[PDB]
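What follows is one structure encoded as structure tokens, with my remarks underneath.
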Amino acid sequence: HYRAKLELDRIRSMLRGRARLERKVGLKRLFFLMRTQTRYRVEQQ
Amino acid sequence: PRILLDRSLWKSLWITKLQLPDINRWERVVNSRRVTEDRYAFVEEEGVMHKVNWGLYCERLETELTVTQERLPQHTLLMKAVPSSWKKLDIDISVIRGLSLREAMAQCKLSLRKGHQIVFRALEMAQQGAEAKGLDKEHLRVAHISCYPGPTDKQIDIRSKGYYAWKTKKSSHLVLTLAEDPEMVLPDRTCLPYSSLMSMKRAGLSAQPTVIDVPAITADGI
Amino acid sequence: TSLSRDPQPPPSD
Amino acid sequence: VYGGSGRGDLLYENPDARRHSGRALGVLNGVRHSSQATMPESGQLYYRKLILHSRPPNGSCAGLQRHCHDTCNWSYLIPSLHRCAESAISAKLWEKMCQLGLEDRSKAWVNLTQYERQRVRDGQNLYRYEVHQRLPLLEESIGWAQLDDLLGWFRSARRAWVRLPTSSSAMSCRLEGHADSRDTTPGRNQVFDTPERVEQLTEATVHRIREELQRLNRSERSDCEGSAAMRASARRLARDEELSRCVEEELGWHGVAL
Amino acid sequence: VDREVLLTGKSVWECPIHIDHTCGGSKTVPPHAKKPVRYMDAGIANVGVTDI
Amino acid sequence: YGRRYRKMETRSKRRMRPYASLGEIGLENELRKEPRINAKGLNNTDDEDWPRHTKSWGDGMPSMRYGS
Amino acid sequence: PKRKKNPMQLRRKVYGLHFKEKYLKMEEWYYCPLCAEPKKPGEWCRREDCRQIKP
Amino acid sequence: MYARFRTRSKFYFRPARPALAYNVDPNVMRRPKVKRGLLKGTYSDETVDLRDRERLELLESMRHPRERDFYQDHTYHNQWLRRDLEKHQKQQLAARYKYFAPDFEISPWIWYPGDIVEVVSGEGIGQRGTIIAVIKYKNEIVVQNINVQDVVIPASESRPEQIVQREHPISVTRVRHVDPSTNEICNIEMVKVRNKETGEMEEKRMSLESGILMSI
Amino acid sequence: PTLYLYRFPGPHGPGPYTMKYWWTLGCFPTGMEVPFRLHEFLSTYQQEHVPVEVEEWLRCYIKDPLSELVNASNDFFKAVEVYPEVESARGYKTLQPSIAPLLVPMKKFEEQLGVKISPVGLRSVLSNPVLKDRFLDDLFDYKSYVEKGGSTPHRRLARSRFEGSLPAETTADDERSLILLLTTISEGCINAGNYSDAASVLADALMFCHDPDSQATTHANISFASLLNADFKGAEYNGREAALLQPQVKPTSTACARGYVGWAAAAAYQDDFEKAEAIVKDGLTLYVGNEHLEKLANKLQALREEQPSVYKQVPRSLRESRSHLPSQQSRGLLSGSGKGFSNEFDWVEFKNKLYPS
Amino acid sequence: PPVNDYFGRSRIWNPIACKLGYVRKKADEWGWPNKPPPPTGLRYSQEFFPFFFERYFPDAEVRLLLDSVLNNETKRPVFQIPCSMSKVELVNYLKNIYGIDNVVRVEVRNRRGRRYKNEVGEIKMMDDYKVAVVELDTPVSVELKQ
RNA sequence: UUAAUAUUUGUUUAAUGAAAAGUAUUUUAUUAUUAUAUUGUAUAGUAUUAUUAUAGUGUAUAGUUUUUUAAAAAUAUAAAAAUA
Ligand SMILES: [Mg+2]
Ligand SMILES: [Zn+2]
């Protein structure tokens, strides 16, 4: 499994609160955000 | 290794005194020999990178920063191992930031919080230090007060009928900066309530203070 | 309030 | 340029290179778009602005609510150069050099060791570098300078053993390098004619010393005329005599004559 | 004694304290103990080279 | 059941019924010094009711709950 | 069902009036006309002067 | 009326600083060497540490009287069982006292007071001096007017604080003798030689280049 | 099979709750931690240890006090001359340059002379242009005098010890310049607003003068400084010592008149208006014409015109109660008993009341 | 390990005899194993070297407490002796060596050796000593010229 | 994070419906006296007392297993009745 960690680490500053303080929560949030944005851009935008 | 440089590692950990005999000396391998040149640092001059003596450059940077921090007109005190939790200490600190020294010490003396007592002690020490450095007393104002978590102790204790309880004694530090501000105006705190005014009137004391014209100091007799 | 005093002569040879 | 090194900072930090870090850059502070991760496009002005302005204030940045040190003052810049000269050349080596020069007129250098020669050369180099750094602040503060520090401007050069140019001597030539490759990017204060700017700064400070001396003399004469009596203080007389002799000797050492 | 020599300058030759490098272990070995002879040691020190 | 050990201990150790009048405290002082017929009996020293202000050490020493 | 609370839920308490009026609040004080000390109106000093007349 | 209070995120998340591998800070040879906090901004005129013995009364006064500690005069476990020290202080001891190791003294000893010795490395490189003192059990040499520093003497009941320049012991590894005739650096070795007026054999010091015996 | 550790140092380091045990009990309250104090031993005993012969020979190589005074005065004058002048802006008060390089030469001068000088006072006299000129002139005069004719206080101490082992002339020029510059520093300190420090400086400044006029002037200045510092007892003492020195003072000096003024003002602050009026009456009968006495007499009469209308007199049990000048307010702000923090109810003071000392 | 690490008031003497103890005893007695062993007669006789040396060159550490007799006329001076001595041993010691014949009574009381820690925290205990309180007919005192 | 939390809150006090000891530790100090080897010392705390080696001319100022304070609710006390 290739979790996009080293790439999504650099975007943690866009988040706020605990997602920006801790690492794994912010990585999960960014992963979900990018996945849903790609899905929306492909099938609904 | 064919050539073991004195700063390299081989079955050993990095010991400063063992791996760096002289910090201003840089060791290289030239013609299968250990050549010990002077250490240089690159600085930007006239659009090119010139090499300056690294030890002199570092000493110069340190000395300049130190003398600037010295001749900056303020007094900074760093108290360590304050016997209070950092949370409660910051809660008590949040009321003093941006106050005159007079009002700060007044509020600390009139408050009922351990953090307030500790920062009163800190203000007293910082005022003594500022006086020793040569700053005036009336124009002093707190500029930056903060606390960060410090040491910690863990204490277990037995209770009635044999139950163990854990406790975490915390400690914090305090950075307190007193600055000189000539443009400060202090509110008139000498006002008295009408009750006290008329009570002193009934007593016979003067509600208004007696100002006596005191002559100046003259060295004419010498 | 006493000033810094003068050092003493050599006690021995 | 905001966080790393200011205008008169002796430090040299490449603002885009993290050479003062003990950890790989994990989080990027100034981020505008999600596409700033795999290709931050740093180096562009409109993004390095965000990054360097989101960077926190350092010891030399002197954050807003914190006090800011007086650096543009000539009375502080001169003792800076003097303390740098003292850090470069020790008192013993300085006395040895002064004696050797006054005895042989720069002809008996064989008595000095190679280590001392290298110390002198490194001191001259560091003095030239710090003068190149302080040149804008010096040209800013030349207006409201004081006579003591205007004379210290030559005192420090004499101590560092650097003869100032006038239209040994180390401020005469520029650092070699082709102009097509030399750094010329804007925003970085870097003078390109150091022997041409320091020389005119020396001329201006000589004129300023003359003006300050004439102002002192005129103020003393006006005070004497207002008092209607020739009653000068011994301290002021001795100060005037010693300062006149000192400025004369220390300008004759460099080669400038009033 | 370090402070004293720093303040005086007298040259000290022997250590002022007797160092028992065994930490009380040398008293556990019998008194008549002696290392046996080991013939043909697998070492290079006996050659006594001075150039490598 | 929820009964606090310390509070129940104090309640069971010392009395709670308050006096009602000064005549009643006088009657109680009269009826207190009475011998036990078949009970255990307690020591009735000749200074049990006399002022202990000079006897006990702590009756004059500085106190915080009484403020000097 | 209890769970860790994000920093935002930890800062909701300072929005209420109970937190502000308890910890962070200044005093109304003046100088005791007989002791030259900071004094709140209503509470006096032990000295004989401050007991007879209320400063 | 109400002071502005901003909750800090460090009190909610504060991880441990990254540790060093093999005590190798990856940027020792690249960054300049300055005091801690000067480049960052941390500066303080005076540091009043409450954990010092001089501030014990203040530390006890600042705490609340309700706080209690029960082992002021007696300990729970017996404190007369010999137990080991801590790792950091054992390492401090091993770093300060190195001459306690067996065979720490250099053999054979060649450096005796009266010789002219040139400093080859370290501070004072290229300077010749006379050996003033020889600390054999520490393998140190006190050379004349070389590595002199200011030693201080605290004020007594009758004298004030007195600071004076004094030479400090120099290690033997960074010093080399000077030939009396050649006036250059020369390797010196121990040599057993019989005396002409005494049949006994004494140990002198001979140079390889010139072949000159040195008495003790 | 478990072990009990009452209070042990945490993971980051030992805190104050354990350092208290370390300093009182001698070791941590667990006993598992071995007491290790090699660092403080090295810092204290190894440093203070000195051999007997070296300790006895130390007193032979102490520096020459005359040369030390000369060099310290030279360096201090150089420093105060290099110190720049404050540039006055318009609209806002310019921050005076902090005296960073001036503390060391001034400290050496203080430890060589036996007197303490205020850094605030030095900063104020350097900010004041005319006071700076007076200070520079007096310091140059003192330098020339100590370089030409030695140190008069040191010679006086030497003669005192000599006559003790086996009179006092007038003050010399060096001591005159010294008391002059000390009075200048005290005036600058008063302008800055440190009356206690000014009085403490003048208290030692009076020791260098031996002529009656200089002593009367110093007594008047100390009376004024103590009056501004609210130390009415010392103010009155010095004010009346001025009038005691009056019979031996020159007719042109008004230091005794200023001492009368200070004494009368100290009495007025002590609320003995009758005594103050008697003192100012005596002062006027002595010097019929003097503004310092006349203004104070007018003020006392203006107060006495209203004194009998409120209570017919000032009370007896209410004297020295009303705090008038802000100096005692500023001092009580620091020396006052806190609310629940430090007072007669706190135990750290209750035990001090209970125990003898 | 069989090494007793307690240096407190209740330190116990190990009764178990080790082989090394006998070896060391024999080696110090007659240089085992180089020299031949002396015969049983000389071994068990009064002429055996340890007993001969203990009888002709006795070794007893008697220390006087300075506080008990310094600047005070005391009738009960105290001394410190090894634990192997007794009242009769001490009185004979003082009578024959120092000449103190008038000894009324000696009060014996054992005492554990002084224990202390050095700067590094090592527990080093001084040797054990027996306290004796000798009584004389006349009070004695040694004045300290101040 | 739970946590501005839960349980605790003890410096002579309202002194106690009460008071005579043994044993094992911890800690040790120049006690006096009878005045003949050795051996273990005193007070103070701590833990324990069925299973007989502690009870009589008459019992230690004995108060840490005894604990602070300017509210309602919850809870405890039916020895909290002048109810049922
Ligand atoms: Mg599409
Ligand atoms: Zn008051």
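All of the numbers you see were taken from the coordinates with simple rules; none came from a lab. Here Cβ is always computed from backbone atoms with ideal geometry, including for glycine, and neighbour counts include all displayed protein chains.
Consider chain E. How many of its residues are more than 7 Å from every other protein chain (Cβ to nearest Cβ), more than 30 Å from H:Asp150 (Cα to Cα) and surrounded by 10 or more Cβ atoms within 10 Å (Cβ to Cβ)?
5
Can you tell me which residue is farthest from ligand 2 (Cβ to nearest atom) among those in the stretch F:1-34 that are part of a loop (DSSP other than H, G, I, E, B) and over 18 Å from the mean Cα position of the chain (by Cα)? Steps first, answer last, please.
Filtering the stretch F:1-34 down to residues part of a loop (DSSP other than H, G, I, E, B) leaves F:1-4, F:14-21, F:33-34.
Checking the rest, the ones that are also over 18 Å from the mean Cα position of the chain (by Cα) come to F:1-4.
Working: F:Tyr1: 53, F:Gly2: 49, F:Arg3: 49, F:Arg4: 44 Å.
Result: F:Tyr1.
To keep it simple, each residue is scored yes or no on (1) outside any loop (DSSP other than H, G, I, E, B); (2) more than 16 Å from B:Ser111 (Cβ to Cβ); (3) more than 8 Å from RNA strand K (Cβ to nearest atom).
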| site | (1), (2), (3) |
| --- | --- |
| G:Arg3 | no, yes, no |
| G:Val14 | yes, yes, no |
| G:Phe19 | yes, yes, no |
| G:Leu24 | no, no, yes |
| G:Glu28 | no, no, yes |
| G:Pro33 | no, yes, yes |
| G:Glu43 | no, no, yes |
| G:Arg46 | no, yes, yes |
| G:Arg51 | yes, yes, yes |
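Would you mind telling me which numbered condition in (1) among the small types (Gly, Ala, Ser); (2) assigned to a loop (DSSP other than H, G, I, E, B); (3) within 9 Å of chain B (Cβ to nearest Cβ) H:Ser61 fails?
(2)
Within the stretch I:144-153, work out how many residues are within 11 Å of I:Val70 (Cβ to Cβ) and surrounded by fewer than 20 Cβ atoms within 10 Å (Cβ to Cβ).
Within the stretch I:144-153, residues that are within 11 Å of I:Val70 (Cβ to Cβ) and surrounded by fewer than 20 Cβ atoms within 10 Å (Cβ to Cβ) number 4.
Specify the residue that is nearest to B:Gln127 (Cα to Cα); the eligible residues are those in the stretch B:100-114 that are more than 9 Å from chain I (Cβ to nearest Cβ) and over 19 Å from the mean Cα position of the chain (by Cα).
The first filter runs over the stretch B:100-114 and keeps only residues more than 9 Å from chain I (Cβ to nearest Cβ), leaving B:100-101, B:103-104, B:107, B:113-114.
Right, trim to over 19 Å from the mean Cα position of the chain (by Cα) and you get B:103, B:107, B:113-114.
Numbers: B:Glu103: 13, B:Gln107: 16, B:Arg113: 21, B:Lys114: 20 Å.
Among those that are more than 9 Å from chain I (Cβ to nearest Cβ) and over 19 Å from the mean Cα position of the chain (by Cα), it is B:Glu103.
Would you please list the contacts, defined by Cβ atoms under 8 Å and residues six or more apart or on different chains, that run from a residue in the stretch H:107-118 that is within 16 Å of H:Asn145 (Cβ to Cβ) to a residue that is assigned to a loop (DSSP other than H, G, I, E, B)?
Within 8 Å, the pairs are H:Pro113/E:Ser11; H:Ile116/H:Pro180; H:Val117/H:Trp111; H:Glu118/H:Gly126; H:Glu118/H:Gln127.
Consider B:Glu70 against the criteria (1) facing chain H (nearest Cβ under 7 Å); (2) within 16 Å of the chain's Cα centre (by Cα); (3) not basic (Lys, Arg): it satisfies all of them except one. Which criterion is unmet?
It is condition (1) that B:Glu70 fails.
Please state which one of I:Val54, I:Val82, I:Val50 is under 30 Å from D:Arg235 (Cα atoms), among the β-branched types (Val, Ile, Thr), over 25 Å from the mean Cα position of the chain (by Cα) and at the interface with another protein chain (Cβ under 8 Å from one of its Cβ atoms).
Values: I:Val54 fails: under 30 Å from D:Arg235 (Cα atoms); I:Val50 fails: under 30 Å from D:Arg235 (Cα atoms).
None of the other options fit; the residue is I:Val82.
In the stretch B:71-120, which residues are of a type in the set (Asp, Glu) and closer than 22 Å to H:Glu46 by Cα? Full working, then the answer.
Initial filter on the stretch B:71-120 (of a type in the set (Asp, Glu)): B:90, B:92, B:103.
Passing the criteria: only B:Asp90.
With the structure loaded, tell me whether I:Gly31 is crowded, with 18+ Cβ neighbours inside 10 Å, facing another protein chain (nearest Cβ under 7 Å) and over 30 Å from I:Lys132 (Cβ atoms) or whether it fails that test. Show your work before the answer.
Numbers: crowded, with 18+ Cβ neighbours inside 10 Å: yes; facing another protein chain (nearest Cβ under 7 Å): yes; over 30 Å from I:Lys132 (Cβ atoms): yes.
Judged against the criteria, I:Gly31 is a match.
Mind checking which pairs have a first residue in the stretch B:183-194 that is more than 17 Å from B:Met105 (Cα to Cα) and more than 7 Å from chain G (Cβ to nearest Cβ) and a second that is assigned to a loop (DSSP other than H, G, I, E, B) and of a type in the set (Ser, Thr, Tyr), Cβ under 8 Å, 6 or more apart or different chains?
Final answer for the pair search is B:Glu183/I:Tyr92.
Please specify each residue of the stretch D:177-205 satisfying the condition of being within 8 Å of another protein chain (Cβ to nearest Cβ) and not in a helix (DSSP H, G or I). Write out each step before concluding.
Our first condition is that a residue be within 8 Å of another protein chain (Cβ to nearest Cβ); within the stretch D:177-205, this holds for D:177, D:182-184, D:188, D:190-192, D:194.
Within the stretch D:177-205, D:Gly177, D:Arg182, D:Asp183, D:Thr184, D:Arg188, D:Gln190, D:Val191, D:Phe192 qualify.
How many residues are assigned to a helix (DSSP H, G or I), more than 9 Å from every other protein chain (Cβ to nearest Cβ) and within 16 Å of ligand 1 (Cβ to nearest atom) when one looks only at chain A?
Within chain A, residues that are assigned to a helix (DSSP H, G or I), more than 9 Å from every other protein chain (Cβ to nearest Cβ) and within 16 Å of ligand 1 (Cβ to nearest atom) number 7.
If you go through the stretch B:28-51 one residue at a time, do you hit one that is facing another protein chain (nearest Cβ under 8 Å), assigned to a loop (DSSP other than H, G, I, E, B) and under 33 Å from the mean Cα position of the chain (by Cα)?
Scanning the stretch B:28-51 turns up no residue that is facing another protein chain (nearest Cβ under 8 Å), assigned to a loop (DSSP other than H, G, I, E, B) and under 33 Å from the mean Cα position of the chain (by Cα).
Would you say F:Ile37 is away from every other protein chain (no Cβ under 14 Å), more than 7 Å from RNA strand K (Cβ to nearest atom) and either loosely packed, with under 10 Cβ neighbours inside 10 Å or under 30 Å from B:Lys161 (Cα atoms) (or both)? I'd like the intermediate steps shown before the answer.
On the way: away from every other protein chain (no Cβ under 14 Å): yes; more than 7 Å from RNA strand K (Cβ to nearest atom): yes; either loosely packed, with under 10 Cβ neighbours inside 10 Å or under 30 Å from B:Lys161 (Cα atoms) (or both): yes.
So F:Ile37 fits the description; yes.
So, of the residues in the stretch I:238-257 that are touching a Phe, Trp or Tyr at 6+ places or on another chain (Cβ under 9 Å) and in a helix (DSSP H, G or I), which turns out to be farthest from I:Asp197 (Cα to Cα)? Break it down into steps so the answer makes sense when it comes.
If we filter the stretch I:238-257 for residues that are touching a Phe, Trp or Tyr at 6+ places or on another chain (Cβ under 9 Å), which is where we start, we get I:238-240, I:242-243, I:246, I:254, I:256-257.
From what is left, the residues that are in a helix (DSSP H, G or I) are I:238-240, I:242-243, I:246, I:256-257.
Values: I:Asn238: 16, I:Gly239: 19, I:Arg240: 22, I:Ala242: 21, I:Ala243: 25, I:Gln246: 27, I:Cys256: 23, I:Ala257: 24 Å.
That would be I:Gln246.
Among the residues of the stretch J:1-36, how many are within 16 Å of RNA strand K (Cβ to nearest atom) and at the interface with another protein chain (Cβ under 8 Å from one of its Cβ atoms)?
Keep residues of the stretch J:1-36 that are within 16 Å of RNA strand K (Cβ to nearest atom), which gives J:4-13, J:15.
So of that shortlist, the ones also at the interface with another protein chain (Cβ under 8 Å from one of its Cβ atoms) come out as J:5-8.
Number satisfying all stated conditions: 4.
Where residues in the stretch D:99-147 are within 13 Å of the chain's Cα centre (by Cα) and more than 12 Å from every other protein chain (Cβ to nearest Cβ), which of them is surrounded by the most Cβ atoms within 10 Å (Cβ to Cβ)?
The initial filter retains those residues of the stretch D:99-147 that are within 13 Å of the chain's Cα centre (by Cα), namely D:124-142.
Then drop every residue that is not more than 12 Å from every other protein chain (Cβ to nearest Cβ), which leaves D:136-140, D:142.
Numbers: D:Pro136: 16, D:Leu137: 19, D:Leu138: 23, D:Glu139: 14, D:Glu140: 16, D:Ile142: 16.
Filtering the stretch D:99-147 for residues that are within 13 Å of the chain's Cα centre (by Cα) and more than 12 Å from every other protein chain (Cβ to nearest Cβ), the one surrounded by the most Cβ atoms within 10 Å (Cβ to Cβ) comes out as D:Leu138.
Residue-by-condition table, conditions (1) exposed (fewer than 12 other Cβ atoms within 10 Å of the Cβ); (2) on the phi < 0 side of the Ramachandran plot; (3) near ligand 2 (Cβ under 8 Å from one of its atoms):
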site	(1), (2), (3)
G:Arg11	no, yes, no
G:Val14	no, yes, no
G:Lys20	no, yes, no
G:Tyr30	no, yes, no
G:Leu34	no, yes, yes
G:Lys39	no, yes, yes
G:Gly42	yes, no, no
G:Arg47	no, yes, yes
G:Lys54	no, yes, no
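I need the full set of residues from the stretch F:40-55 which are exposed (fewer than 10 other Cβ atoms within 10 Å of the Cβ) and either within 6 Å of RNA strand K (Cβ to nearest atom) or more than 30 Å from I:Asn352 (Cα to Cα) (or both), in order please.
Across the stretch F:40-55, the qualifying residues are F:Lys40, F:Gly41, F:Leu42, F:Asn43, F:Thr45, F:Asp46, F:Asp47, F:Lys55.
Considering only helices (runs of 4 or more DSSP H) fully contained in the stretch I:169-228, which possess at least 1 residues that are at the interface with chain B (Cβ under 7 Å from one of its Cβ atoms)? Walk me through it before giving the result.
Numbers: elements: I:173-192, I:195-205, I:212-228.
In the stretch I:169-228, I:173-192, I:212-228 are the helices (runs of 4 or more DSSP H) which contain 1 or more residues that are at the interface with chain B (Cβ under 7 Å from one of its Cβ atoms).
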